[PDB]
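1. got a structure for you, letters missing:
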Ligand SMILES: [Zn+2]
Ligand SMILES: [Zn+2]
Ligand SMILES: [Zn+2]
């Protein structure tokens, strides 16, 4: 059976193969960080195509209801904003790919909370992860 | 083996060129021992299943093939004939592709 | 390399892999009176270092299994004390080019 | 047109249908034993044959996904047997299998502990693995529930019930064994399925199996896959006349042997008169797949007819595999009587008018040959330089011998026309037994009168033919590339030198040979009058009379 | 039993499993069609008569090239540095000569691609050469050119060594035939070939050769399959017109463990 | 008849009528149920 | 009727390397047929109603991954037979066993 | 995968089977009303025109010769010398 | 949760469209067949990165016709739900039997039998809600649910899920 016991399909192991025939670590893609990769390609696309999101859809979108939604939702829930603020997290975090992303895209305050919504760790990462866990909510940018 | 087949041909005056006998001889020898050209030989190796299936024990050959769940490449001449696709045989032992790069030098 | 005259006991030989890494072989007397390599049809063979081997394989893009085999209990294989994994270069006469270079790995 | 992507098979995976799956896939429960008659009313009862499956007669039925007969593959149904049966062809392995696994428990008879097994157990090869194994496990017959560990024989568990495992032997269609204290003779029931089901998943893998594609257990059928019409077709004498297949009998016979069986398992069941009726079902199922076995009982159909078992329909030459698949009858082909012509280029082949007026060739319309085509089209299919079918882009065909617009029609670039073979057309000519590379060669077509293939003399010995009645088969190419392939690899000139003996395979035969000798002799002299008519006869003559 | 056997783009003979049955079809990579029975001169005759044919000594009145062949016979006569290169060649040929007798039968007739015997008979009249006026070739022209030739008789092409060895190897026999017909003594005393002729023959041999090579694709197994059975299909169980003929061949192909007539030939000892 | 084909086929055919000497031959024909039988023995004289 | 193209006739052509032409015999000039395989359980289940697009293939419940192929109808039957004998011929358009 | 234009090993000549299929394809291309780039000097059979188009090495096509291992070698119809 | 898998696709092209600037057409055609698709195998396909410079490589010519077969090898941004997986979206509708949620281009439903008992649907209240001894969830409100099962369909993947444990639900 397929469960959140981290026994995902055979198509997503930590060691996938590059189109050029190489080995590459999986690709965790937390919110906000996703909103950029998309926006960046959607921009450099709409750049040579001529040589703020409901419009940009019915042009670079299949004409693809899905994008509007995938653009709204991803902007009313993104937990970050700057390509640096996300870099820091990566310059830090680099645990198995899925976590390093979920932790970033899912709100969390207490360890008691994270350890509750991710009941699989406990001995699968030393306690001083707790430090980090604080250090996360501690760099959990203000409003 | 070569010497012996030749001596069966040459005693009738007929001449055949080495490469041929050699090829046969080699296939019989190569697989480790003496695989005879019979149901108890070549037709019993790690070859494809559709291939071997086209000679003598046709059905039984399949039973103990689905039994151990064999996987067939479909690189063998037979398979393709049974399927109806062009087999990697001369004319089809390669691909013909339009190179877009030069297809710009082509206008 | 023990040279049993007629035969060793089944209780006996069951202690050969009991002294690893080292390995031991057994050869009957009446089978070593005449060296088989010296024979006309028997071509001169030669071993190949895991460098010359990992080269041969690379130089022709071969996958080991794709290589002509030879039985482990083969008279010459024994004679040269081959092992499951070793290669052997064969150099024989050819009435078409003069000399051909074949290789047989020992399974 | 179907939106779905077109692809080619790059791999074939074999395994066995798991009953739960066969059930699943089945779209018909097939419970009833009749033919059709909805109680005399003619149709096809939802019970047997056509309970939604495919159809004949251009009648949409096919699980409603219509398409009718051609486009419409057969449609499978099933049938829940009342009790497990032995698969006629697996009885060999199944027995050697039991010798290796314990009953009443269901676990291996040799763990990692024993050395000689490890090696074998590491042999990665589904077949050579299963070979070495049985030669071992065939001796020990006690599923020890307690055994001395790999330490001191003092203390002693794994699988249990150390029941002695029997020595099985083959007697007709039944496997029997003895259990020992003191033996036990018993006729082993179809217990086996259960034991297999129990076999550990990780044990399957120890042997040459795969928990996903083929588990040992699926070798016994629970729900029987019932094949559709196209498999076992009926052959009606137009419509309102019977005509039923061999199998379309032994199915109801099986059905009946199932029905009756069940109707003995819900009524006064004489426990030792039931086995006599199970073996019967076992038999009809033996029959169905194979009906040329050891325990004779040919099972003949009313008349003496043997009853083709599926595997019969396959037997080499004529039978499906080697008869219809490895070689099949094809269209665009012809055959007649041969006669040689000493005035036809080596690579030519005189073809009888009649034939040229029958075989066509799809040649696309192009502004270079339109002019020539426009002549050929008007002539109609009964005049030699004509055609017999025009096909517009819109996949439909106009029959050139009736259509009111015969002489009208103005073509359109891109359309294709099927023309009659013409002079200098490559075609595949052959003579069987085809045991040569040269037994098939491309020749130039030369239309001539009279009902016979006119071939050159010198090309007699390659095929090794004569004119004492011999017939020859001719095949006709169809693509634009096919032609090139025929002239670039099968052309007669390329064949002049046979690779087997690095020498030719066509010389000067009979009359021509015999005479050239005479004609050569010093005594042979020719005067101007004839010396003129001879140079003229040479097409290649340089046009210079030698001194 | 041979269906799936076919030459591959590198020139290896394998099957539907990739198992290499032969590294170079026929052990030379030549297509039987382009092959004819040639006679390797070098091999037969005595070392004496051999020498009296190919041996050259520019430092001797009787064993030197007559000045009716070259146009610089006297201004070349005596050069010590050239007579050494003339040894290199002749020293090779002897390595050859002794290596070919190392075919103990002596039969000098064998099937070999590129008919050198004819190609020269063709040269004969394309440039019309007179058995009178001397040729015009430096001793270097010829020898170096035939060395440069061997270099271009490429079968395998590889950059590395292992390949380049195979190259020289599965060719050799041919090269000797080439030399056999391109020895200084013959090319000048028999058929006064000019600079032009030489430059033509080479260019043709090279071209010809490359065509005489097997084409990758060739369903060799199916080929050999017939090629063998055909001259068997044409026989009578009758051994007219020890266990022999048809049944024996069968017996063999079956790899029979007990033939009717076993027999075995043993040769005496040296003395 | 029945489910009993375990008989022998060949016996009784469709008398030839291509030519007179054809028909004749056919009646005067003998069969022989199945490398040694096929031989032409002496006794056949 | 039509003339048989038996084994021996096949063979020869293969020696000639007439790959395509042979492929064109056995298909275009005889059998031929368009079958729809399933991308998951490599079978001929698919209920392809060529109109409402509906494809499906219950038991493995798919309607999305399906492929089209060109094979001799003669062969299709061979398989149905094989199926009807409980053996499972999986057809994959992608290699899975690797090496 | 790949294989650089360098270290290419196969024959520099076009095998009859290569040639045979090339002439094939391009022939039907023309019969699909494609465009020809020479002077049909009274020629009329596509395959001839292509045979000419060949003898003049002006057929835009590339042959990717595959090796038993899985790698390949690209060569153009322009490259491959067409003596014959 | 989002990934960037290096996938690929094959597309056949009729010979008509065989001009000099094809790569351009191929690229743009890829997007029209991919961007906006949805497969249960790979999930919801949303975006193809670095469009402009897609790599096409040579395509092969089908023997029968003239058409070319192209194996376009790209890379894209996807999002697919797994069981046990945790994310949060906006409630879209809401009745007595539960509420439907909208995660991006998806819609997950929570059954009244898979929520915490103590939260009953409020009757005539504006805007329509569910009442707890203290909490209240309605449209606008953000909820964090757990996806029990996922059902793959045509060109849309729907699913089901629950909020019955603790520390789960609205936020
Ligand atoms: Zn249908
Ligand atoms: Zn037990
Ligand atoms: Zn399915």
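-> That came through, no problem. Numbers count the residues shown, from 1 in each chain, chains lettered A, B, ... in the order given. Ligands and ions are numbered 1, 2, ... in the order given.
2. helix, strand or coil for residue E:223?
-> helix (DSSP: H, G, I helix; E, B strand; the rest coil).
3. Contact partners for the nearest residue to it once chain neighbours are set aside?
-> What sits nearest to residue E:223 in space, not counting adjacent residues and going by C-beta to C-beta, 6 or more residues apart in numbering or on different chains, is residue G:15, at 5.2 Å. Using the backbone N, CA and C atoms, a C-beta is placed for each residue, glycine as well. Taking C-beta atoms under 8 Å, 6 or more residues apart in numbering or on different chains, we find residue G:15 in contact with D:437, E:219, E:222, E:223, E:226.
4. Could you find which two of these are furthest from each other?
-> E:219 and E:226 (10.7 Å; C-beta to C-beta).
5. Name the residue in these two with the higher neighbour count.
-> residue E:219 (28 against 23; other C-beta atoms under 10 Å in any protein chain shown).
6. how close does that one get to residue G:18?
-> 10 Å (C-beta to C-beta, to the nearest Å).
7. Give me the common contacts of those two.
-> In contact with both residue E:219 and residue G:18: B:89, B:90, using C-beta under 8 Å, 6+ apart.
8. so who does the closest residue to residue B:6 other than its chain neighbours touch?
-> Nearest residue to residue B:6 in three dimensions, chain neighbours excluded: residue B:21, at 6.3 Å (C-beta to C-beta, 6+ apart). Contacts for residue B:21 were tallied using C-beta under 8 Å, 6+ apart; they are B:2, B:5, B:6, E:224, E:228.
9. Could you measure from the first one over to residue C:43?
-> For residue B:2, the distance to residue C:43 (C-beta to C-beta) stands at 14 Å.
10. The residue of chain H found nearest chain D in helix, strand or coil?
-> Per C-beta to the nearest C-beta, residue H:24 is where chain H lies closest to chain D, at 2.8 Å. At residue H:24 the chain is in helix, as set by three-state DSSP.
11. Can you report how many residues neighbour it?
-> Neighbour number of residue H:24 under other C-beta under 10 Å is 25.
12. Now do the contacts for it.
-> Counted by C-beta under 8 Å, 6+ apart, residue H:24 has contacts D:479, D:480, D:481, D:482, D:483, D:484, D:485, G:20.
13. swap in residue A:24?
-> A:15, A:16, A:17, A:18.
14. Pull up the gap between it and ligand 2, please.
-> 50 Å (C-beta to the ion, to the nearest Å).
15. And for residue I:37?
-> 54 Å.
16. Phi first, then psi, for the residue in chain E that chain A sits nearest to.
-> Using C-beta to the nearest C-beta, residue E:18 is the residue of chain E that sits closest to chain A, at 20.1 Å. As for residue E:18, its main-chain torsions (degrees, to the nearest 10) stand at phi 80, psi -10.
17. Run a quick neighbour tally on it.
-> 18.
18. That one: what's it in contact with?
-> C:63, C:66, H:68.
19. In these, which residue is surrounded by the most others?
-> Going by other C-beta under 10 Å, residue C:66 tops those with 20 neighbours.
20. what about it, which SS state?
-> coil.
21. Report the contact partners of it.
-> Residue C:66 neighbours (C-beta under 8 Å, 6+ apart): E:14, E:17, E:18, E:19, E:20.
22. Quote the end-to-end distance of stretch H:47-67.
-> 29 Å (C-alpha to C-alpha, to the nearest Å).
23. Please apply the same query to stretch H:61-72.
-> Using C-alpha to C-alpha, first and last residues of stretch H:61-72 are 16 Å apart.
24. likewise stretch I:63-76?
-> Note: stretch I:63-76 ends 32 Å apart using C-alpha to C-alpha.
25. Neighbour count added to the contacts of residue H:24, as CSV?
-> Conversion of those to CSV gives the following (neighbours: other C-beta atoms under 10 Å in any protein chain shown):
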residue, neighbour count
D:479, 21
D:480, 25
D:481, 26
D:482, 23
D:483, 24
D:484, 27
D:485, 28
G:20, 23
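26. closest to residue B:77 among those residues?
-> Nearest member of the contacts of residue H:24 to residue B:77, counting by C-beta to C-beta, is residue G:20, at 13.6 Å.
27. what's the neighbour count on residue D:153?
-> That count, for residue D:153 with other C-beta under 10 Å as the rule, works out to 8.
28. And the one 4 residues further on, by the same measure?
-> Using other C-beta under 10 Å, residue D:157 is surrounded by 9 other residues.
29. Could you look up the SS state of it?
-> Assignment for residue D:157 (three-state DSSP): coil.
30. out of the contacts of residue B:21, which is most surrounded?
-> residue E:224 (30 neighbours).
31. I'd say that one and residue B:18 touch.
-> No: assessed by C-beta atoms under 8 Å, residue E:224 is found out of contact with residue B:18, at 10.4 Å.
32. show me where chain A has helices.
-> Under the criterion DSSP state H, helices of chain A are mapped to A:33-48, A:54-60, A:65-76, A:85-93, A:98-105, A:111-117, A:129-137.
33. What is the first one packed up against?
-> In this case it means helix A:33-48. helix A:54-60, helix A:65-76, strand I:43-48, strand I:76-79 (3 or more C-beta pairs under 8 Å, 6 or more residues apart in numbering or on different chains; DSSP states H and E).
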